[PDB]
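**Student:** missing the sequence, but the structure's below:
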Ligand SMILES: Nc1ncnc2c1ncn2[C@@H]1O[C@H](COP(=O)(O)OP(=O)(O)OP(=O)(O)O)[C@@H](O)[C@H]1O
């Protein structure tokens, strides 16, 4: 039993752990992701505890990570790239939606450059599986805004360049719970200042979600 993990985006080999609640991500190019998890653990442990899946350990080239979808009956997942891309500019200006649950139904294309209006529409598309209870969808948005606000505030004090990192947004079909966490440290770098570009990605998301939560 190798059970392939249903990824939203990326090209790394990710499988289910042999045990419950764990996924195994192969470090394809270097062990930098492991070096960065260990650096954050030693220098910014509060950031790791609040915003990042637990790293349970390492097996050869495999990271044993907390499965962020594990406690969900019917998870809907959106992957938003908020760190700098390797060569390309962001598809939505400050960030790039990499994919989401049911995106094929909406003709989402991760290579398409989007206007603000199309960006907002794809986020609304992601929220449609959450259903007709406007009040429950508002609560999911507000809980994301609560955590992302705190993240953006905390990023001012972190001397890392979060190149390539993604936000994984999750809500259950019934909107009974949600979360957002930072994943993919494989290109993160030590620097002597905060990462303003990544902070701008997060504040732009906060603005967009806040408009959605307030829309009548
Ligand atoms: N801890 C996690 N819990 C749940 N899903 C995760 C987790 N980490 C990754 N994912 C899933 O895997 C996808 C891609 O993961 P990630 O971005 O870490 O790897 P990647 O882009 O394939 O890797 P890399 O470019 O570093 O080789 C996400 O879109 C998401 O669906």
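**Tutor:** That came through, no problem. Numbers count the residues shown, from 1 in each chain.

**Student:** Might you report the residue contacts of the residue of the chain found nearest the ligand?
**Tutor:** Nearest residue of the chain to the ligand: residue 10, at 2.1 Å (C-beta to the nearest ligand atom). Every C-beta, even on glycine, is put in place using the N, C-alpha and C of the backbone. The neighbourhood of residue 10, defined by C-beta atoms under 8 Å, 6 or more residues apart in numbering, consists of 79, 98, 184.

**Student:** and with 10 Å instead?
**Tutor:** Residue 10 makes contact with 25, 28, 79, 81, 98-99, 164, 166, 183-184, 186, according to C-beta atoms under 10 Å, 6 or more residues apart in numbering.

**Student:** Which of the helices or strands spans it?
**Tutor:** Secondary structure assignment for residue 10, by DSSP states H and E: no helix or strand.

**Student:** could you pick out which of the contacts of residue 10 are near the ligand?
**Tutor:** Near the ligand, judged by C-beta under 6 Å from any ligand atom, the entries from the contacts of residue 10 are 25, 28, 79, 166, 183-184, 186.

**Student:** which among those gets closest to residue 56?
**Tutor:** Nearest to residue 56, judged by C-beta to C-beta, of those is residue 25 at 11.6 Å.

**Student:** you'd agree the closest one is in a strand?
**Tutor:** Yes: applying DSSP: H, G, I helix; E, B strand; the rest coil, one finds residue 25 inside a strand.

**Student:** wait, doesn't it sit right on residue 68?
**Tutor:** No: Residue 25 is beyond contact range of residue 68, at 12.0 Å (criterion: C-beta atoms under 10 Å).

**Student:** center of the chain - which residue?
**Tutor:** In the chain, the centroid-proximal residue (C-alpha atoms, centre = their mean) is residue 167; its distance is 1.7 Å.

**Student:** Quick check: that residue vs residue 155, distance?
**Tutor:** The gap separating residue 167 from residue 155 is 12 Å, by C-beta to C-beta, to the nearest Å.

**Student:** and if you look at residue 69?
**Tutor:** Here residue 69 is placed at a distance of 25 Å from residue 155 (C-beta to C-beta).

**Student:** returning to what we had before: got the ones next to the ligand among the contacts of residue 10 as a markdown table, with distance to residue 193 columns?
**Tutor:** Below are the ones next to the ligand among the contacts of residue 10 laid out as a markdown table (distance: C-beta to C-beta, whole Å):
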| residue | distance to residue 193 |
| --- | --- |
| 25 | 29 |
| 28 | 29 |
| 79 | 27 |
| 166 | 22 |
| 183 | 23 |
| 184 | 21 |
| 186 | 21 |
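
**Student:** Show me just the buried residues among the residues you listed.
**Tutor:** Buried residues within these, counting neighbours by 16 or more other C-beta atoms under 10 Å: 25, 79, 166, 183-184, 186.

**Student:** Relative to residue 32, which of these is nearest.
**Tutor:** The closest of those, once distances to residue 32 are taken by C-beta to C-beta, is residue 186, at 5.7 Å.

**Student:** which SS class is the nearest residue to that closest one once chain neighbours are set aside?
**Tutor:** Using C-beta to C-beta, 6 or more residues apart in numbering and skipping the chain neighbours, the partner closest in space to residue 186 is residue 33 (4.2 Å). State at residue 33, reduced to three classes by three-state DSSP: helix.

**Student:** Since that was my last question, I'll sign off now.
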